[PDB]
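Let me begin by presenting the structure, written as structure tokens, before commenting on it.
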Amino acid sequence: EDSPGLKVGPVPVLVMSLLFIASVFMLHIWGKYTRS
Amino acid sequence: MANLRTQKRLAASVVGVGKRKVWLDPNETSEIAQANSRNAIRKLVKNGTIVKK
Amino acid sequence: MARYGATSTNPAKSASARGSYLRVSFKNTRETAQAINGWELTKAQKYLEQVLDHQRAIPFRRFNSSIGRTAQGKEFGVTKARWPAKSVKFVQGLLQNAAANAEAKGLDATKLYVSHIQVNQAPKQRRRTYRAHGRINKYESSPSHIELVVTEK
Amino acid sequence: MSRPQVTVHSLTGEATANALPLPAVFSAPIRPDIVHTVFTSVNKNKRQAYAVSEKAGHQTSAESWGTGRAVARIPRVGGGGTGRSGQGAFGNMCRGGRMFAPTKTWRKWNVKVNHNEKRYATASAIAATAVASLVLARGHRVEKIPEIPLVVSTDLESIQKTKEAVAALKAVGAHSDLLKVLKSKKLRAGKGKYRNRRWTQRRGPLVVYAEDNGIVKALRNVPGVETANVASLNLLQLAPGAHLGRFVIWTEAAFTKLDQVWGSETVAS
Amino acid sequence: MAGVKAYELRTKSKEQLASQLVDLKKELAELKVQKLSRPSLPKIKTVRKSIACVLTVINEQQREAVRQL
Amino acid sequence: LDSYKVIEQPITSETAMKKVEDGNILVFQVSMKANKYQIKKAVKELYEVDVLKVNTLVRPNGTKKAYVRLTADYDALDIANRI
Amino acid sequence: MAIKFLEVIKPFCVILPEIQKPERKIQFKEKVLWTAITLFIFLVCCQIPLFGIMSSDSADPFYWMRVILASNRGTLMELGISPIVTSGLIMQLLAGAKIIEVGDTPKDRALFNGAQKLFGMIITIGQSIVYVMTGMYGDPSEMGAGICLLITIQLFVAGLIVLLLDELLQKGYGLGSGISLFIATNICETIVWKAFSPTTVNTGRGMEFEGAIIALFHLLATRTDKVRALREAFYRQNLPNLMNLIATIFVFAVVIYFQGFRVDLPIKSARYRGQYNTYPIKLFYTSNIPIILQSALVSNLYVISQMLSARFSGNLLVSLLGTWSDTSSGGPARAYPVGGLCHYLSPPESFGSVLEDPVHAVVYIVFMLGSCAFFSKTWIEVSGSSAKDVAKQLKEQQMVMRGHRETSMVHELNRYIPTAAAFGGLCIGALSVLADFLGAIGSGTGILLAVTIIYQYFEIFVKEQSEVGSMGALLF
Amino acid sequence: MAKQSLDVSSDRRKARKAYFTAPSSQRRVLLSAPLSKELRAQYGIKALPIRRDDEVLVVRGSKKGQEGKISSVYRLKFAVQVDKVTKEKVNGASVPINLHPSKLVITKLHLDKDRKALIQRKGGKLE
Amino acid sequence: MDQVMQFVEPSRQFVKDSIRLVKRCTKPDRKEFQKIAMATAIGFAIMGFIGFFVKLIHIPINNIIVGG
Amino acid sequence: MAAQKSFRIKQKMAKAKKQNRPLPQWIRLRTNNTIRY
Amino acid sequence: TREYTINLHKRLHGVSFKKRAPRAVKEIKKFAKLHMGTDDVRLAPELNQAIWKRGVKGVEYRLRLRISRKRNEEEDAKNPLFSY
RNA sequence: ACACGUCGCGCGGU
RNA sequence: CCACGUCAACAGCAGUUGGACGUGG
RNA sequence: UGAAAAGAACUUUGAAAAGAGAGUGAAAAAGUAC
RNA sequence: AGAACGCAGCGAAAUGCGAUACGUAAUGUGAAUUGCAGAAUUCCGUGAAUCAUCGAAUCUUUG
């Protein structure tokens, strides 16, 4: 199991996805963004 | 044993006896209860879980 | 419909329970119901639990018919202890339901006093008892419905 | 140049001329004991009933083959067993069965009708219509004065039309009285409805003509008007339920037609 | 044509109908018992009683034909 | 033309199904008038048999149980699965 | 025994997630909300890009292989939701071996299901490592540690979100599934994309369909459809995109007959005579789960062949190392060794337009057929449907107050159940291979899986919900 | 309801004749509710035997002013369910609600081909 | 299976199962041909078209070719 | 006693003991059910 | 253990009546309850055979008994009452 | 067709 | 009867049991 | 019983029955030989 | 005349009909029928009747 007991926030789950969608635009092209 | 009126009757029937003589194990009493069938009680007899006095 | 019948409570200071059509004596349970009393639920419970062991039954006021001659108690203004554990099982079943209804309540805790309890004739089961020359006498097998209501004091 | 002579009142009406005499027959002392006796005599002849059944006894064979024990025969009965019977049932005594004569038919009631008594009964009834004040007491209301009991035209026959009945009814005023008969008190009779009893409407006015009836197809129907002829009429029409002093309406021609008779029976007091 | 009562049935000659009737009866005897099934079906009730209803027709025609001679 | 259908239904039950396995035996419930010969003929023309024993007795269903053994070459597995 | 155990020791379990739940309430209303979130992530992979020097699903994960891993790929996102199905392939193997002895740390002896849940989290991370080390990311066998780290994070994270949401449904607080659901979702998207893909296009029609892609079917319309009867063929001017369409048409007719075909045998002998309910058994949908895992096996096979031959052991001789690792190459297409067992279990690289191999076709049909039926027989044991579970279920109901007569009523259940399961998986594995040949979208096997899951599951879902009639239940 | 007079059942037997005699096509009389004034003018009639798809509004109850298609109407009970209200208990334990046709007025007709012809071609008394 | 060793020999066992299967199983019966198609189809379409729809927005950000 | 033989008379009575009412319930819900049995 | 001889000279000659043995088994159960300081006293079929052998009349007077304990305490008390 | 020696069969015994 | 599932009623108390109740054979 | 079965959903308690609270309706001391 | 025993998808209660087994038909009507659960048939012209036919084709066993 997990030592943390909260796993229905309903979040944490959204937080992991939300950071992921933001980061990949800065990193990489998708609409003529700068590519790192 | 519980409900084993039928199994005293059936086990006695397969070993052809008056029902006093036939013996049923205390430990494997649950497994004796999971018989119900005439070929099932034959396996139990071969095991030695049901014997005859 | 039914209960109380001595209506003063009121339900934000009450709990309630009833047994219904149970096959335990009208005659003996009225005496238990009148006796319970009063007394919080734990006192009623641990008179009746000790009654199973030893501590009689519960004092009989009016249904005090002979019998031999008697005896050792208690006998606190009665003198005719009998032991029907049959009616004790009935009232314990009434009390456990009453105390569970009075645990969701959320009220509590010193409070109490069994405020009315009344036994309703569920009816009598009617069977027969053998005797002489084709003539057969009545045999009642005694039973009852019952109602219990408790209030804060 | 008078005597019982009357002023004619048409339904046109709003009147103009004069009528024929008011009958000599319309006199006699108003006698309520004869009026009540005749009313019960006529109503009895139709009357009879139904009740319980099975047999009007008697499934249920016997003599009195009662069988002792205690408390005695009872007084009675016999046949038989686990039921039904004791007594029972064959009674009376009945926790189950009949009564001590099931309504009986059998039980010849009747009054037969003598020739003399019937013509006295009609003559006294006709004289009982000739009053006034007793109309209010019976329980029907008349505003208009005088011309009484009411007298109307021959034109009454020919209708037919619904609206001309209303035009007839304004004149006699009256009117309001038939409006009472279309009003709750009219309500809803219970179990007494089948054989009539009832709950709880009143009656209204009776219209009589002569040559006719008339009783034409339209004249039957209305809130509690009744329609009749001088040749054939009765005390049920003249005072229903025998509490004298009905509100009565007549037509002309009625005097002369009533006047001539033979037979024989005439006025004295 | 597309089935199966009543105008198709009642005026048909008759050897064809008897042959069909015994094989519609074979559907219901294949679907008996049980194989009833779960059902009812309304088809099982209907074809059971179509056998009845048109055995009236065949026996009726023989009866009425025998009263024409 | 005064005859009847013999078979009212096949009986399927524990013992009935076991008979199919044991020795190619179907068992039917046949009319209360049902004679032995007609059962032999009917089973022939509904299952292409020959029958190697018919015997019949009562049941409290009223309809007469008919215990019908069938030839080896028949196969009672497919054709008891065709009912 | 057929497989070994793996560490599942008590401190080790605590390190890896398996969800220690907070307070929840078991109510129907809650369950659908979570299912919706899981479904939503599948779409998001197509929307959102990923960082890399080639990455967009143009990283050569091979044409047959890519579809039945599934990640909703073929636009954006490479590997994503791919790791979970490999993890689910483990769950079967381990359960069906049914270890009693020996076999490394207990709770993995047919309780191998609970071992798998912990291990699923590792493999999300771990599948990414497999991609770079085989050189499926264009490695010269270590392009740089830091660059390989930057791709790895992108790959694992998308399928990780789904995997967390999967645990929240399989802890008896869903009705949905994470694992089963995504596999089906990708294939529906693929069918319409392939049909309107640009495969030699001069001009659009004036539309770019419902995406932003133009096609062969656009070109026909601009010149009027009247030009192919003024031409010396009726094909190979629209045939590449028409192949994708007719692929679906072959599949469409045969699935619906099979959904209708069920071994019903109602056993619900009544009180009050006749029978009052129904009982049916799904003939082919018990074997649904076998076929998915079989397709997943072949997808994994391609990678392990290349890695084994050149860069794990050997080379000394290609055939020596293994027959599947025989002649490991990128060949004329895919990879796809051109020889060995791996060669056969793949299309001939023409999608059935060459079947005069002769050998290739023969091996493919028989091998797949046997593998699917193998997973059907291991499905019976303790991972799926057997008569013994159903016997207890029927006692609660009482079989609508059972006919009851002993001992065949109990016996009737056990005898039929092995025979049906074997038939179910045996049929599908034969059919799937034939689907590739007639017409494909990149896997005709995948089209067959898509229709079986999608049509059936909609019917199931509403009944579970508390509702009837196959109406809404989206967030209700 | 029925018109006077011939048979002189006073009588609860007169009520029993209504209750227990007369299946569907003399329930046609007791499944009739008045027409409007517009659709009265249109066909010249007065009232119509109800269709299961004629739309009808309630006039004389405690539920006295709702429209709806008739969900069912029962021959033995001479009574109409209207779609719907109903009245839920929370888990989908659901209720009928029943009505009497001479307490209703029919708003929109579905009225059919030779159905409207037979009705307008003399009544009675050809059965 | 492979009693004498021929292809007919393992066929026999699967026939014992198969012979049952062909007699008792049926197609979606007319109402249910339309019913299954009706219940999905919009459902088949929507899944396929949601992934198609995202792409309408996404490519014309870099250069307008149809806008999005 | 002596009847018109026979096994057959016993058989019709034997069916009648099954055919027997016994029992149920669900129609008593929808009737008009004036207590019987 | 402890070994006690239970004085069945007291009352067990005095009863009978007809029905010594079930009263006697109950007497052993509460005598052993007092001596051991326990709740349930086991009563094995060894002791049941021991009392019912000579048969109600029909008891080999005083009986030696080997008894063990207890500290369990309540939950699943061990009072063996036969031989330990 | 009884019964022990046998995990089960077979083999041994009257 | 046999077999399986039950305790509202019946069993002279009670019930984990039945010759009762329920369904089949 | 009631115009209509709306013949009592849901929650807690109870071995089960039922009980408590709540729902339906004009009215439940109209809750089922009402 | 009457009566036994069957028949059903269910079969408590009634009466509907006979192994073809509440059947259906020929005149006839109009949106609902199979009492109910279930399984179904119909619905702008061939589903469903005793609203009426001292009217009818089938017709076990006993009398």
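In this analysis, Cβ positions are derived from the backbone assuming ideal geometry, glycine residues included, and neighbour counts consider all displayed protein chains. Quick note: the coordinates plus some simple rules give every number you see, no bench work behind them.
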| message | Quick check on this structure: which one of H:104, H:109, H:118 is aliphatic (A, V, I, L, M) and touching a helix residue (DSSP H, G or I) at 6+ places or on another chain (Cβ under 7 Å)? | response | H:109
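Among G:240, G:266, which is surrounded by fewer than 19 Cβ atoms within 10 Å (Cβ to Cβ), over 25 Å from the mean Cα position of the chain (by Cα) and part of a loop (DSSP other than H, G, I, E, B)?
Being surrounded by fewer than 19 Cβ atoms within 10 Å (Cβ to Cβ), over 25 Å from the mean Cα position of the chain (by Cα) and part of a loop (DSSP other than H, G, I, E, B) holds for just one of G:240, G:266, which is G:266.
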| Is it fair to say residue B:10 is more than 11 Å from RNA strand M (Cβ to nearest atom), part of a helix (DSSP H, G or I) and either under 24 Å from residue G:409 (Cβ atoms) or touching a residue at least 40 places away in the same chain (Cβ under 8 Å) (or both)? | no
| note | Pairing a residue in region C:91-108 that is within 6 Å of RNA strand N (Cβ to nearest atom) with any residue that is not in a helix (DSSP H, G or I), where Cβ atoms lie under 7 Å and the two sit 6 or more apart in sequence or on different chains, gives C:93/C:19; C:97/C:17; C:101/C:15; C:101/C:16; C:101/C:17
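Which residues, taken from region G:194-235, are among the aliphatic types (A, V, I, L, M) and surrounded by 11 or more Cβ atoms within 10 Å (Cβ to Cβ)? Full working, then the answer.
Residues of region G:194-235 among the aliphatic types (A, V, I, L, M): G:195, G:201, G:207, G:212-216, G:219-221, G:227, G:229-230, G:233.
Across region G:194-235, the qualifying residues are G:195, G:201, G:207, G:212, G:213, G:214, G:215, G:216, G:219, G:220, G:221, G:227.
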| field | Unique match (being within 9 Å of the chain's Cα centre (by Cα), more than 16 Å from RNA strand N (Cβ to nearest atom) and either within 14 Å of chain G (Cβ to nearest Cβ) or surrounded by 11 or more Cβ atoms within 10 Å (Cβ to Cβ) (or both)) among B:8, B:52 | value | B:8
| Is it true that some residue in region H:60-74 is within 14 Å of another protein chain (Cβ to nearest Cβ) and away from RNA strand M (no atom under 16 Å from the Cβ)? | yes
| said: Would you confirm whether or not region H:41-48 contains a residue that is of a type outside the set (D, E, K, R), surrounded by 13 or more Cβ atoms within 10 Å (Cβ to Cβ) and within 16 Å of RNA strand N (Cβ to nearest atom)? | reply: no
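Name the one entry in C:29, C:70, C:42 that is of a type in the set (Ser, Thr, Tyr), more than 9 Å from RNA strand N (Cβ to nearest atom) and under 21 Å from residue C:153 (Cβ atoms).
Values: C:29 fails: under 21 Å from residue C:153 (Cβ atoms); C:70 fails: under 21 Å from residue C:153 (Cβ atoms).
Within the list C:29, C:70, C:42, the selection yields C:42.
For a quick check of your reading: which helices (runs of 4 or more DSSP H) sit entirely within chain E and have at least 3 residues that are loosely packed, with under 12 Cβ neighbours inside 10 Å and more than 16 Å from RNA strand N (Cβ to nearest atom)?
Values: elements: E:7-10, E:15-30, E:42-65.
Correct list: E:15-30, E:42-65.
Table: residues versus (1) away from chain E (no Cβ under 14 Å); (2) more than 22 Å from residue G:365 (Cβ to Cβ); (3) out of contact with any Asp or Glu (no Cβ under 9 Å at 6 or more places or on another chain).
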{"position": "G:271", "(1), (2), (3)": "yes, yes, yes"}
{"position": "G:277", "(1), (2), (3)": "no, yes, yes"}
{"position": "G:282", "(1), (2), (3)": "yes, yes, yes"}
{"position": "G:308", "(1), (2), (3)": "yes, yes, yes"}
{"position": "G:328", "(1), (2), (3)": "yes, yes, yes"}
{"position": "G:333", "(1), (2), (3)": "yes, no, no"}
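Confirm whether residue C:142 is more than 14 Å from chain D (Cβ to nearest Cβ), more than 16 Å from RNA strand O (Cβ to nearest atom), more than 19 Å from residue C:23 (Cβ to Cβ) and touching a residue at least 60 places away in the same chain (Cβ under 8 Å). Walk me through how you get there before you give the answer.
Numbers: more than 14 Å from chain D (Cβ to nearest Cβ): yes; more than 16 Å from RNA strand O (Cβ to nearest atom): yes; more than 19 Å from residue C:23 (Cβ to Cβ): no; touching a residue at least 60 places away in the same chain (Cβ under 8 Å): yes.
No, not satisfied.
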| task | Tell me which residues, restricted to region G:1-50, are surrounded by 13 or more Cβ atoms within 10 Å (Cβ to Cβ), polar (S, T, N, Q) and either more than 13 Å from chain A (Cβ to nearest Cβ) or under 16 Å from residue G:81 (Cβ atoms) (or both). | result | G:35, G:38, G:47
| message | With the requirement that a residue be part of a helix (DSSP H, G or I) and touching a strand residue (DSSP E or B) at 6+ places or on another chain (Cβ under 7 Å), what does region C:17-43 give you? | response | C:26, C:29, C:30, C:33
| request: Of the numbered conditions (1) of a type in the set (D, E, K, R); (2) farther than 20 Å from residue C:20 by Cβ; (3) not in a loop (DSSP other than H, G, I, E, B), residue C:103 fails exactly one; give the number of that condition. | output: (3)
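Out of G:449, G:413, I need the residue that is surrounded by fewer than 21 Cβ atoms within 10 Å (Cβ to Cβ), away from RNA strand O (no atom under 16 Å from the Cβ) and of a type in the set (A, V, I, L, M). Which one?
On the way: G:449 fails: surrounded by fewer than 21 Cβ atoms within 10 Å (Cβ to Cβ).
Answer to the selection: G:413.
Residue by residue, here is whether (1) among the small types (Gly, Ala, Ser); (2) in a loop (DSSP other than H, G, I, E, B) holds:
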| residue | (1), (2) |
| --- | --- |
| K:24 | yes, no |
| K:38 | no, yes |
| K:41 | no, yes |
| K:54 | no, yes |
| K:66 | no, no |
| K:70 | no, yes |
| K:77 | yes, yes |
| request: Mind listing whichever residues of region I:22-68 are outside any helix (DSSP H, G or I) and within 14 Å of chain A (Cβ to nearest Cβ)? | output: I:62, I:63, I:64, I:65, I:67, I:68
| query | Could we say that residue I:34 is surrounded by fewer than 13 Cβ atoms within 10 Å (Cβ to Cβ) and within 18 Å of the chain's Cα centre (by Cα) here? | reply | yes
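Restricting attention to helices (runs of 4 or more DSSP H) lying wholly within region G:310-411, give those where 2 or more residues are more than 16 Å from RNA strand N (Cβ to nearest atom) and more than 21 Å from residue G:68 (Cα to Cα). Break it down into steps so the answer makes sense when it comes.
Details: elements: G:318-321, G:341-344, G:359-379, G:387-397.
So the answer is G:318-321, G:359-379, G:387-397.
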| request: Return a yes/no flag: does region C:49-57 have any residue that is away from every other protein chain (no Cβ under 14 Å), surrounded by 15 or more Cβ atoms within 10 Å (Cβ to Cβ), farther than 12 Å from residue C:146 by Cα and within 16 Å of RNA strand N (Cβ to nearest atom). | output: no
| query | Only one of these conditions is not met by residue G:246: (1) under 28 Å from the mean Cα position of the chain (by Cα); (2) more than 14 Å from chain I (Cβ to nearest Cβ); (3) surrounded by 14 or more Cβ atoms within 10 Å (Cβ to Cβ). Which number is it? | reply | (3)
| field | Residue in region C:80-107 that is surrounded by the fewest Cβ atoms within 10 Å (Cβ to Cβ), counting only those that are away from RNA strand M (no atom under 13 Å from the Cβ) and of a type outside the set (A, V, I, L, M) | value | C:106
| Which ones in region F:30-55 are within 14 Å of chain E (Cβ to nearest Cβ) and either loosely packed, with under 13 Cβ neighbours inside 10 Å or away from RNA strand O (no atom under 16 Å from the Cβ) (or both)? | F:43, F:45, F:47, F:48
| residue H:29 versus (1) within 7 Å of RNA strand O (Cβ to nearest atom); (2) within 30 Å of residue D:193 (Cβ to Cβ): which is the lone unmet condition? | (1)
| What single numbered condition from (1) among the hydrophobic types (A, V, I, L, M, F, W, C); (2) within 24 Å of residue G:171 (Cα to Cα); (3) within 10 Å of chain A (Cβ to nearest Cβ) fails to hold for residue G:76? | (2)
| query | Taking region C:7-52 only, how many residues are within 16 Å of RNA strand M (Cβ to nearest atom), more than 13 Å from residue C:93 (Cβ to Cβ) and of a type in the set (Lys, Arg)? | reply | 1
